[PDB]
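A.B. asks: Dropping the structure in here first, questions after.
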Amino acid sequence: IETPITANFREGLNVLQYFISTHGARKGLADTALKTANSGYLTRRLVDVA
Amino acid sequence: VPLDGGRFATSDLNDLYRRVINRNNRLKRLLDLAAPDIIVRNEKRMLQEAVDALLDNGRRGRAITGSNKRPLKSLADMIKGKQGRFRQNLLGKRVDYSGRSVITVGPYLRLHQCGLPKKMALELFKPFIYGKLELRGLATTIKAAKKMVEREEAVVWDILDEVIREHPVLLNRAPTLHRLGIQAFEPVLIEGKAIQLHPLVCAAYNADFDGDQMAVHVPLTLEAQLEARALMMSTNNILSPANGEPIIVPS
Amino acid sequence: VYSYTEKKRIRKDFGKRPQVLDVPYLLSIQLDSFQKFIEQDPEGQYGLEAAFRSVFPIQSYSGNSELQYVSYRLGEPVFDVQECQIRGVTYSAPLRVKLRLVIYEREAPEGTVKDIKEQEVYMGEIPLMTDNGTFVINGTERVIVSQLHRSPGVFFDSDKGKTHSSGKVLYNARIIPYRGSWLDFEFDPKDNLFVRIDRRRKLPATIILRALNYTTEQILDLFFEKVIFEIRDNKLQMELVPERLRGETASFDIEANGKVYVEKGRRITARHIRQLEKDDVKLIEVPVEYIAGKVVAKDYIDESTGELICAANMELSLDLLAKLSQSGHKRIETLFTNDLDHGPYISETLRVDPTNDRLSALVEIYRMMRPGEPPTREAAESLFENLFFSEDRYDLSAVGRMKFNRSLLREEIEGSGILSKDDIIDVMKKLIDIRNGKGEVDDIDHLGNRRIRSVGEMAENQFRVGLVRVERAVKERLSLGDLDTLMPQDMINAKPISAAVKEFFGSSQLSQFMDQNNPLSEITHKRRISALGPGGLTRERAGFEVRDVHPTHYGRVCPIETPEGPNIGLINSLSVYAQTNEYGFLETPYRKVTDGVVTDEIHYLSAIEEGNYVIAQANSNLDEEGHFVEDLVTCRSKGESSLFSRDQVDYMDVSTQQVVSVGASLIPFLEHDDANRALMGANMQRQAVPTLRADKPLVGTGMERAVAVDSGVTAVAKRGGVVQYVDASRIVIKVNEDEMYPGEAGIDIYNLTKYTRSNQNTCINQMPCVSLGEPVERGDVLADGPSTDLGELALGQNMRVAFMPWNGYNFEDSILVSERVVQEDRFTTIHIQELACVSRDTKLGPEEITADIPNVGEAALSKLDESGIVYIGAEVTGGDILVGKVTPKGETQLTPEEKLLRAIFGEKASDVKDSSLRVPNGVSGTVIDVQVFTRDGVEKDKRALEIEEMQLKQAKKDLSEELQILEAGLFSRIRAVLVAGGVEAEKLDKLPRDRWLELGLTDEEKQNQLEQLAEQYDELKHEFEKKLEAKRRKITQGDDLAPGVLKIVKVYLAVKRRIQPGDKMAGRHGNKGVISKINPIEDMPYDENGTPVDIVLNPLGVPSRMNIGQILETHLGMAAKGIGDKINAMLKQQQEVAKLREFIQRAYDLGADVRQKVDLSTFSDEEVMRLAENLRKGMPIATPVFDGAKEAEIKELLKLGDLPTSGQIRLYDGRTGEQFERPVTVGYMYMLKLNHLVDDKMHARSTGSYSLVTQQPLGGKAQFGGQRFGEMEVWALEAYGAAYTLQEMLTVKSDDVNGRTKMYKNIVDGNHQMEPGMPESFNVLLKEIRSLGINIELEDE
Amino acid sequence: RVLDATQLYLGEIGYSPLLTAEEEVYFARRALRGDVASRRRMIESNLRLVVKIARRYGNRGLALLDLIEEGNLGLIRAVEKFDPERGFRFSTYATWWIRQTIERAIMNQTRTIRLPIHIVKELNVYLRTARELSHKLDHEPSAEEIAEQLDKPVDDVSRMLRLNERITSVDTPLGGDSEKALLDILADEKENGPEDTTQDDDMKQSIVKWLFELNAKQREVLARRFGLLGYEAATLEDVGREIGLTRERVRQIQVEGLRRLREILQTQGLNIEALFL
DNA sequence: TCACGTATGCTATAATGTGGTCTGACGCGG
DNA sequence: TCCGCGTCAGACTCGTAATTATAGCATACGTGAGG
RNA sequence: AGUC
Ligand SMILES: O=c1ccn([C@@H]2O[C@H](COP(=O)(O)OP(=O)(O)OP(=O)(O)O)[C@@H](O)[C@H]2O)c(=O)[nH]1
Ligand SMILES: [Mg+2]
Ligand SMILES: [Mg+2]
């Protein structure tokens, strides 16, 4: 994102900085649910080969 | 099989076999009747459709939908999928003398110990109790030993304490990414329903006590006990097998 | 100006931004939507009206007979919600529909003067929505979640690369109707326009135009601009349009008049263009060589021969030009196609098009959808017209037509549901415009393109399906039957419609068990939006783009509330102020800014409308009753945010809260919390089990009261007035004259729901808030629901918390709790479990519910009464029998041992087994209630009969007290009317009230009032009779049960569960923990004052988590309690009302720029001491979300409590007595006990039952299951050595049948030897492979 | 790319000749006399009728193709028992046969647990009655309400509606997602747990040891009666076949063996302990 | 030889070609 | 080049248990029990 | 519908 968050958590985000935060946060959380699968599929391919 | 409700429940293979038999027998009939060839052909197409559905449904185009709309599970589907029989029932299985509960800290524990709830351990070591009860002659037979455990008599606790002594238990956490996701401990009987984990091994399990749970498994044979104490014990698996560094590290 | 329930306890507000619009009713969506479905509208096609007019009138295939719809009506519900929940039936209204069978003569042309038969037919019961927003389906409360789908209309999308490593962007149009086949247009790498009907095989786009009757020359005239070529004398000329060249390179020397403008081989800039245009250039001389390549527009033929020289859309040459000249054509219309802006796409597509005429095109279309089947002309016209041009099979809907027309830049919103020939061409035109470079692609994730379907639309659709299934049956029977004997009801079937709707409200993915752990859980569940289920996305289909936060989600959808799971991003909580537009788009309120001054004029803007205006931020500073203080205001437009001047500002955010959803609004210092942790915080608040004592939150936001009221779980006063009678069961209020209607008696009765079971087996208990003889207004809380304090929402309990390590007892988020918490029964929770015992009829004979049970101790039978039912109030523990039941066994061929054993005790005990319902193992509770459902024919149990005696007499008492309090309250009014114009005070009280039918006064308005009260009295008199007969019938009614089932006994257990190690607790900043140890009071860190801390949480689980909200909550919580401790001290010493008033006014009016004013004074002394008594257990404070309390305000509040500004205190170790070496942060965190109790999660198994085919042990604690030893877990044993442990796990522990029994016997024999075998799962595998016809033998040694 | 069995078959049927009245009469006379071609042509030409009937009663049990083949069997019986001498048309007579064979097949094959036409016909009347009741009673038919209308036994109506209960798939995963199939919930009932089987082993082993603890003549007429040691479970009177050859002395000695054994269970620690069992 | 569920049989106006979900992705053959 | 088939992590918890429609009656076929 |  071209606009960074100037503020910190002690300062408190404003509505716009918090909303902008959300994107990164949720992509992180979705990553754990969805990508774990490809990581884990690589473990399983490796295990079968060796 | 009959459900309790008086209803029956059956495999989809029965629906696929019935398809095949109906069309096959109808083909025998139409051959006995010397039917015109257009109709014989239709029946031969339909017979091949039914057998192909029975072997591998969905490969030959549009799979035969049963009751909900879902395609009937065919023979190949019971072998093939991850869910088949290989991955589900054979390369891994459900296991006896297995339990689980929420984990919680045991800062007082030594590295080779884990808090195992009384009621959980009572149940896991049932045959081992029955056995000592009969060697002490406190239980006349197995059904009397079972009823003494059901009544949770005071002498039974003392016997259970005696069995668990020097008997290792396997703790497992999902996901098991590397081998240290299973470790053996000597159990410590504790009043209360939560498993107590030694902090220093929390690293290997990636265990944090905000509600994580663990599987408990009892190695039954002398061989399995020894493999747990020598190979899989917490104390003996200090260094990561991945890199040389100690995994058992204060944090 | 505060309400009565607020006078009892006022929350201090640190908010500064005045709220111009109040939080709306939160359960708006569910109610409005369903209300539209059932709502009787004559015109406005909504729900059923629309459904009937759409399908009906249904006329027969012969055309003699037709069935037409008149009107419908919902019968009143057979069973109330209560009886439905107990009995396990759907709460529904019978649908009766008036229908008219009209018949025509075949001999007369269309004579309708034969037979018109009109009657009211039953078509199903429709499930009704509760006033809360739920449906009760088979005795279970369920919520149907609103859906989010792609709005019908047009969409222009493009594979950004993907196909062809060429890396070509292929543009496409998709026309999506509400009902019908999809119409796709797309480009190919070679720039050929293609049509996919119903995403079948590809066809050239021009073919669809031929089917719509377009000649080649007409097609070209539609997409292409014509360029005229005049052939004068010998030189070639062409009619020039000054711009056309524009940004092209001049291939010839361009000469105009006599004078050379362009140089050959140079690029024509703006100067050349304006020079040529101003000179008025219309002919330019050109070389003959330039036409080689130009495309002819029309068919040009030789007027001499009359044969075609060149067909339309043909590439010209020097020889075709020559032939054209000599034939006598000196004007040639050619296509303008200059690459770049004007691409020849349709020209090239016509050359790819194999079809010639209309028929040839219709045949090819017909052959695509129905490949093989020979064309007929009738068939091809019929199919093509029935695709997109039939009113019955195609319907864009109003929203489809509206979004379609706006996408094609039309003026008119409303129009035809069927596609016009002009529609299709306009769509193709826009596609091609986008390819050229003018025009842009629509975005699918944009909320302007995602529409909300709440319930009513979905119930409507399922109901249409039911009707359609009926139409086939109906039309079929109208043609076959004789018309005159046959009435309409013999043709209609109710079971198809009932089945369609039943399957929606019961089988559907969107219909789910309401999440009722707590009020917030309910309210948030009912305002859920799911992109999943039918007509939506799937988890497989769902990418990463849809899941992420879209810019348009601002003010409509919560960015921070979504399941952390596979459903992440598909399921969304609605924002606070958000609402559905008339078409079903989401919209958000905004304050209109006029001439820079910010009005209170409030406009709801849709996703598309929002893009157009510049909207200032809510935090933007307004200047005292006019414009913005600051010159450059921070605003947002075009989906992005920056500074603007004041004149540019159009609008502004209504509240600071509108971005956030309900659940997240309840998080205090959200502003200081990481969005991830905040998400899980809002998610865990839904998991909070209500404690025995519902404790308010000291650090709140203000949404607390809104949520408690709107959830419906609180009893709220409609009429108000003074409370006549309180009871732990009921509240009767006497209404005030101003709202009290002069017709019916003005006494409101609210019956409170006592200790009832939730879906999650939590406890639902309503207690009375107000005291006897309390004056109350409309909208005052009369009774508190389960997790509500005086009107406010109370999900858990606030506690004295200290952040510091203990001896590893708070290691990784592990929680150290004081014994005092357990003693005070805080976080003690109530669970009400419903167990049923079913008496069925088997092939051997009916099962008996006698107390006479083979092989049972007197200890067990003590607790059962005559019938075999446990007594009310009886405490029970695992294995105790609740309802005794025995099942008939067939002739038992016994093992010799059993023959001997049965001979020894002689307890042959007849031909019967023991199938008694007994308490599940380890659960232990008190029996609160018992229900008996019998059928009709079978002789009732003695205990069932005494239960009905109780229900009958109790019913009689209930109804009797209704008529008595209603008659007393009604004559109390007549008494006041009679005094009006007839003083008889003492004289009227002496004669009996029963003989007051004679009493009147003079004929005025007051005599008419007496008539109203007298007609009501008698109405209530008969009403009481028919009510009592209904109750009596339902109590006697052998309810109709499942086939096979003779009777059912439902036992309700009440369990009190104590907090304990393993139980899961969290705060509201997503900060979880499992309790590790309960510490004695002596051991816990204590203050200088000697007061021990309740909970010791680990400091190290804050800076990593970046939820700083919990720390601010703790500092403010201590400050709140500081002031409560001062008020508690002043109340203990009585002191002066004047002095308390002083302190409390200075307190409420503390904050730097406090919005909330509290001019204490006006409060009467009695109001003030009731207020102080509530403020004593800590002054409750509200920190709005994004407009919260500042650190400086919190430190100022702490100074008012004489607590430290650091909010750190000196602590002393309970054990040693010595001080901790540095100050510790202590204060009050509001904590929650989640549903995850160790009691329910702890499970263990040695040996049990085993699976049917695979012979492996079952899964799950309910089935007494073994833990799954997965691939992952196996690999661990493989990495180690452990080969015996692995084999054990594979063989004697799972399948190996012989092995497991043998090894069990060995372990009791103490041999600890395995003796392995072959896993039965493998034996199955073999059999399954041989069933495939593969020989899989096992070669022996 | 015509691959579908149905579309192929319907293509083949369309390619047939449509018969007239006089043509039907000519072919029908030759057909009954036993013409090969006449039978084939009448069947092939009238396949169209089967389809317009099998497609009519669709989504009721079997699939169109399956409903078309069985319907074709009706066509054959129709051509076999057609009377060309009667002026009345073939289509009229055939419609009966095609509907009959389709309905009969749909009544048998459709239900996994096979149901007799007699019960099916009874069921039909119960269901039609339920429909008329539902139209006037806004609620649905009770078993007793249906029984009252037909003047039949409540028990008989209940038995019938029980047989209507259609079958739940075991292989079908239930938990919304493919989480767990019903198979894995439902345990093997006929198979005892290792706990129960081991308990029977203990009793059996104990019996052998209990037989060599009482009198030699007290465990020779007690076990040989119950069939514990002996081969066949005899009665008091039948123990006479061995060596006992008594009726009174066998009954006194059987009970004498059990009385001494009752005190062996009171002392070991069972009797009333193992009475609950 | 009947009792009882099951099965086969015939009805004769004419009628004669069928009719749910629609969007994953990145790899690797044929 | 385009269609087809193949993979996509690992356990755990709950909760519930549906719908349709096939006419109506007379002789024919099989087994067991009673006279 | 959830829990790691
Ligand atoms: O979706 C999930 C979540 C968690 N887990 C497993 O459970 C563990 C606990 O999941 P947590 O959410 O507690 O994460 P964490 O301990 O890694 O980090 P904190 O937020 O607590 O600081 C994870 O580390 C992983 O091993 C999963 O397997 N899947
Ligand atoms: Mg964690
Ligand atoms: Mg965790």
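A note on labels: chains of the structure tokens are A, B, ... as shown, every chain counts residues from 1, and ligands are counted from 1 in their shown order.
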Just want the residues within 6 Å of ligand 3, written as a PyMOL selection string, counting only C-alpha atoms (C1' of nucleotides) and all ligand atoms.

C.D. replies: (chain B and resi 208+210+212) or (chain G and resi 4)

A.B. asks: Check the DSSP output for the backbone and give back, as a ChimeraX atom specification, the residues of stretch 68-194 of chain B in strand (DSSP E).

C.D. replies: /B:93-94,98-105,113-117,169-172,182-190

A.B. asks: Could the residues that lie within 10 Å of ligand 2, counting only C-alpha atoms (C1' of nucleotides) and all ligand atoms, be listed as a PDB file with N, CA, C and O atoms (P, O5', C5', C4', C3', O3' and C1' of nucleotides), in the first residue's frame?

C.D. replies:
```
ATOM      1  N   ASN B 206       5.214 -26.885  19.692  1.00  0.00           N
ATOM      2  CA  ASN B 206       4.614 -25.574  19.325  1.00  0.00           C
ATOM      3  C   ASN B 206       3.347 -25.393  20.164  1.00  0.00           C
ATOM      4  O   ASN B 206       2.323 -24.877  19.667  1.00  0.00           O
ATOM      5  N   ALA B 207       3.431 -25.861  21.400  1.00  0.00           N
ATOM      6  CA  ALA B 207       2.344 -25.837  22.393  1.00  0.00           C
ATOM      7  C   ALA B 207       2.282 -24.482  23.098  1.00  0.00           C
ATOM      8  O   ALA B 207       3.256 -24.088  23.773  1.00  0.00           O
ATOM      9  N   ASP B 208       1.148 -23.811  22.964  1.00  0.00           N
ATOM     10  CA  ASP B 208       0.864 -22.648  23.834  1.00  0.00           C
ATOM     11  C   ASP B 208      -0.482 -22.951  24.483  1.00  0.00           C
ATOM     12  O   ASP B 208      -1.348 -23.488  23.806  1.00  0.00           O
ATOM     13  N   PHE B 209      -0.610 -22.701  25.773  1.00  0.00           N
ATOM     14  CA  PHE B 209      -1.781 -23.116  26.570  1.00  0.00           C
ATOM     15  C   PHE B 209      -2.916 -22.095  26.461  1.00  0.00           C
ATOM     16  O   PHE B 209      -3.355 -21.613  27.518  1.00  0.00           O
ATOM     17  N   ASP B 210      -3.374 -21.760  25.250  1.00  0.00           N
ATOM     18  CA  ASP B 210      -4.619 -20.951  25.126  1.00  0.00           C
ATOM     19  C   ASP B 210      -5.734 -21.850  24.596  1.00  0.00           C
ATOM     20  O   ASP B 210      -6.598 -21.356  23.850  1.00  0.00           O
ATOM     21  N   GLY B 211      -5.699 -23.124  24.985  1.00  0.00           N
ATOM     22  CA  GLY B 211      -6.777 -24.087  24.711  1.00  0.00           C
ATOM     23  C   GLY B 211      -6.314 -25.235  23.838  1.00  0.00           C
ATOM     24  O   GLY B 211      -7.161 -26.066  23.458  1.00  0.00           O
ATOM     25  N   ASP B 212      -5.020 -25.296  23.524  1.00  0.00           N
ATOM     26  CA  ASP B 212      -4.546 -26.428  22.690  1.00  0.00           C
ATOM     27  C   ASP B 212      -4.846 -27.730  23.422  1.00  0.00           C
ATOM     28  O   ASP B 212      -4.931 -27.731  24.662  1.00  0.00           O
TER      29      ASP B 212
ATOM     30  N   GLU C 812       2.631 -19.930  28.870  1.00  0.00           N
ATOM     31  CA  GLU C 812       2.229 -19.421  27.548  1.00  0.00           C
ATOM     32  C   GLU C 812       0.738 -19.164  27.638  1.00  0.00           C
ATOM     33  O   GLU C 812      -0.015 -20.111  27.395  1.00  0.00           O
ATOM     34  N   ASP C 813       0.378 -17.960  28.090  1.00  0.00           N
ATOM     35  CA  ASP C 813      -1.013 -17.442  28.146  1.00  0.00           C
ATOM     36  C   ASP C 813      -1.808 -18.163  29.240  1.00  0.00           C
ATOM     37  O   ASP C 813      -2.966 -17.767  29.472  1.00  0.00           O
ATOM     38  N   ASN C1071      -7.439 -12.042  23.711  1.00  0.00           N
ATOM     39  CA  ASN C1071      -6.373 -12.501  24.626  1.00  0.00           C
ATOM     40  C   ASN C1071      -6.885 -13.740  25.360  1.00  0.00           C
ATOM     41  O   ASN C1071      -7.688 -13.590  26.287  1.00  0.00           O
ATOM     42  N   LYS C1072      -6.489 -14.926  24.900  1.00  0.00           N
ATOM     43  CA  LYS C1072      -7.046 -16.160  25.489  1.00  0.00           C
ATOM     44  C   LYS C1072      -6.083 -16.698  26.522  1.00  0.00           C
ATOM     45  O   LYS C1072      -5.004 -16.111  26.700  1.00  0.00           O
ATOM     46  N   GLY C1073      -6.510 -17.801  27.122  1.00  0.00           N
ATOM     47  CA  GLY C1073      -5.756 -18.507  28.161  1.00  0.00           C
ATOM     48  C   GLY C1073      -6.502 -19.745  28.605  1.00  0.00           C
ATOM     49  O   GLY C1073      -7.754 -19.791  28.536  1.00  0.00           O
ATOM     50  N   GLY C1101       2.577 -11.870  27.072  1.00  0.00           N
ATOM     51  CA  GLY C1101       1.517 -12.137  26.084  1.00  0.00           C
ATOM     52  C   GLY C1101       0.785 -10.864  25.716  1.00  0.00           C
ATOM     53  O   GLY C1101      -0.423 -10.925  25.425  1.00  0.00           O
ATOM     54  N   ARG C1105       1.624  -9.636  21.158  1.00  0.00           N
ATOM     55  CA  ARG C1105       0.258  -9.807  20.608  1.00  0.00           C
ATOM     56  C   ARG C1105      -0.162  -8.482  19.977  1.00  0.00           C
ATOM     57  O   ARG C1105      -0.911  -8.496  18.995  1.00  0.00           O
TER      58      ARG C1105
ATOM     59  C1'   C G   4      -5.494 -26.190  17.371  1.00  0.00           C
ATOM     60  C3'   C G   4      -4.053 -24.349  17.870  1.00  0.00           C
ATOM     61  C4'   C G   4      -5.270 -24.315  18.778  1.00  0.00           C
ATOM     62  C5'   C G   4      -5.938 -22.941  18.749  1.00  0.00           C
ATOM     63  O5'   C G   4      -7.352 -23.078  18.669  1.00  0.00           O
ATOM     64  P     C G   4      -8.253 -21.758  18.516  1.00  0.00           P
TER      65        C G   4
END
```

A.B. asks: Taking the DSSP secondary structure from the backbone, can you list the residues of stretch 75-266 of chain D that are helix (DSSP H, G or I), as a PyMOL selection string?

C.D. replies: chain D and resi 75-80+90-108+117-136+143-150+154-164+182-185+194-211+223-226+238-241+248-266

A.B. asks: Nearest to ligand 1: which of F:14, F:28, F:33, F:9 is it, counting only C-alpha atoms (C1' of nucleotides) and all ligand atoms?

C.D. replies: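 Checking each candidate against ligand 1, we get F:9 as the closest.
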
A.B. asks: May I have the residues within 9 Å of residue A:37 as a list in words, using only C-alpha atoms (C1' of nucleotides) and disregarding those fewer than 5 positions away in the same chain?

C.D. replies: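 Answer for this query is residues 32 and 42 of chain A; 8 and 9 of chain F.
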
A.B. asks: Could you list, as a short mmCIF file (atom, residue, chain, number, x, y, z; two decimals) with N, CA, C and O atoms, in the first residue's frame, every residue within 10 Å of residue E:23, counting only C-alpha atoms (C1' of nucleotides) and ignoring same-chain residues fewer than 6 positions away?

C.D. replies:
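The file below, result.cif, is the result:
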```
data_model
loop_
_atom_site.label_atom_id
_atom_site.label_comp_id
_atom_site.auth_asym_id
_atom_site.auth_seq_id
_atom_site.Cartn_x
_atom_site.Cartn_y
_atom_site.Cartn_z
N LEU C 537 -20.79 -18.79 -3.93
CA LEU C 537 -19.43 -19.34 -4.11
C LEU C 537 -19.32 -20.68 -3.38
O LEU C 537 -20.24 -21.09 -2.65
N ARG C 541 -14.15 -22.70 -4.93
CA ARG C 541 -14.34 -21.69 -5.99
C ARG C 541 -13.74 -20.39 -5.47
O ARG C 541 -13.40 -19.52 -6.29
N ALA C 542 -13.60 -20.28 -4.16
CA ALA C 542 -13.32 -18.98 -3.51
C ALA C 542 -11.82 -18.73 -3.57
O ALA C 542 -11.04 -19.62 -3.19
#
```

A.B. asks: Skip stretch 8-16 of chain D itself and residues of its chain fewer than 4 positions away, then list as a ChimeraX atom specification all residues within 7 Å of it, counting only C-alpha atoms (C1' of nucleotides).

C.D. replies: /B:42 /C:373 /D:2,4,44-45,47-48 /E:17

A.B. asks: Could you please select, counting only C-alpha atoms (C1' of nucleotides), the residues of chain C within 10 Å of chain E and state them as a list in words?

C.D. replies: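 Here is what falls inside 10 Å: residues 180, 181, 182, 198, 199, 200, 370, 373, 374, 535, 537, 538, 539, 540, 541, 542 and 543 of chain C.
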
A.B. asks: Would you put the residues from that selection into a file with N, CA, C and O atoms, as an mmCIF file, in the first residue's frame?

C.D. replies:
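This is the output file part-v5.cif:
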```
data_model
loop_
_atom_site.group_PDB
_atom_site.id
_atom_site.type_symbol
_atom_site.label_atom_id
_atom_site.label_comp_id
_atom_site.auth_asym_id
_atom_site.auth_seq_id
_atom_site.Cartn_x
_atom_site.Cartn_y
_atom_site.Cartn_z
ATOM 1 N N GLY C 180 -32.654 -17.621 -16.050
ATOM 2 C CA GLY C 180 -32.492 -17.915 -17.485
ATOM 3 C C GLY C 180 -31.101 -18.422 -17.794
ATOM 4 O O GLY C 180 -30.308 -18.608 -16.849
ATOM 5 N N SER C 181 -30.809 -18.645 -19.076
ATOM 6 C CA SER C 181 -29.456 -19.044 -19.532
ATOM 7 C C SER C 181 -28.539 -17.811 -19.538
ATOM 8 O O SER C 181 -29.022 -16.655 -19.635
ATOM 9 N N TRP C 182 -27.251 -18.031 -19.322
ATOM 10 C CA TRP C 182 -26.266 -16.922 -19.326
ATOM 11 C C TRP C 182 -25.869 -16.608 -20.761
ATOM 12 O O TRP C 182 -25.779 -17.539 -21.586
ATOM 13 N N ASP C 198 -24.987 -20.100 -22.503
ATOM 14 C CA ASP C 198 -25.011 -21.022 -21.337
ATOM 15 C C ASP C 198 -23.633 -21.679 -21.193
ATOM 16 O O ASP C 198 -23.565 -22.894 -20.913
ATOM 17 N N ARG C 199 -22.573 -20.897 -21.404
ATOM 18 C CA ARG C 199 -21.159 -21.360 -21.403
ATOM 19 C C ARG C 199 -21.037 -22.774 -21.988
ATOM 20 O O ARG C 199 -20.334 -23.626 -21.393
ATOM 21 N N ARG C 200 -21.636 -22.987 -23.157
ATOM 22 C CA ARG C 200 -21.434 -24.217 -23.954
ATOM 23 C C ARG C 200 -20.250 -23.999 -24.889
ATOM 24 O O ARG C 200 -19.316 -23.249 -24.528
ATOM 25 N N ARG C 370 -28.466 -28.569 -28.593
ATOM 26 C CA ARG C 370 -29.012 -29.929 -28.795
ATOM 27 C C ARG C 370 -28.259 -30.579 -29.939
ATOM 28 O O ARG C 370 -28.780 -30.685 -31.048
ATOM 29 N N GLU C 373 -29.662 -33.936 -32.781
ATOM 30 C CA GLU C 373 -31.106 -33.805 -33.099
ATOM 31 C C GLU C 373 -31.277 -32.934 -34.338
ATOM 32 O O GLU C 373 -30.782 -31.809 -34.385
ATOM 33 N N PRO C 374 -32.022 -33.417 -35.359
ATOM 34 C CA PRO C 374 -32.095 -32.726 -36.641
ATOM 35 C C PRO C 374 -32.770 -31.387 -36.382
ATOM 36 O O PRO C 374 -33.615 -31.278 -35.496
ATOM 37 N N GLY C 535 -26.544 -20.828 -5.229
ATOM 38 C CA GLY C 535 -26.405 -19.602 -6.034
ATOM 39 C C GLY C 535 -25.226 -18.763 -5.583
ATOM 40 O O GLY C 535 -25.234 -17.546 -5.822
ATOM 41 N N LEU C 537 -20.794 -18.786 -3.930
ATOM 42 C CA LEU C 537 -19.431 -19.337 -4.106
ATOM 43 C C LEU C 537 -19.324 -20.678 -3.377
ATOM 44 O O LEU C 537 -20.244 -21.088 -2.649
ATOM 45 N N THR C 538 -18.239 -21.388 -3.617
ATOM 46 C CA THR C 538 -17.935 -22.576 -2.799
ATOM 47 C C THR C 538 -16.573 -22.340 -2.170
ATOM 48 O O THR C 538 -15.866 -21.426 -2.640
ATOM 49 N N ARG C 539 -16.201 -23.160 -1.194
ATOM 50 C CA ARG C 539 -14.847 -22.991 -0.611
ATOM 51 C C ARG C 539 -13.807 -23.246 -1.708
ATOM 52 O O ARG C 539 -12.787 -22.544 -1.709
ATOM 53 N N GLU C 540 -14.085 -24.164 -2.638
ATOM 54 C CA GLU C 540 -13.148 -24.535 -3.737
ATOM 55 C C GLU C 540 -13.023 -23.365 -4.716
ATOM 56 O O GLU C 540 -11.919 -23.122 -5.273
ATOM 57 N N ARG C 541 -14.152 -22.701 -4.928
ATOM 58 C CA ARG C 541 -14.339 -21.692 -5.987
ATOM 59 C C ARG C 541 -13.736 -20.391 -5.474
ATOM 60 O O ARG C 541 -13.400 -19.525 -6.289
ATOM 61 N N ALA C 542 -13.596 -20.280 -4.157
ATOM 62 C CA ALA C 542 -13.323 -18.984 -3.515
ATOM 63 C C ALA C 542 -11.821 -18.731 -3.567
ATOM 64 O O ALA C 542 -11.042 -19.619 -3.186
ATOM 65 N N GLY C 543 -11.441 -17.575 -4.094
ATOM 66 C CA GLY C 543 -10.033 -17.248 -4.346
ATOM 67 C C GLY C 543 -9.452 -16.482 -3.184
ATOM 68 O O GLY C 543 -9.808 -16.756 -2.024
#
```

A.B. asks: Identify which of the residues B:98, B:240, B:104, B:172 lies closest to chain F, counting only C-alpha atoms (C1' of nucleotides) when measuring atom-to-atom distances.

C.D. replies: B:172
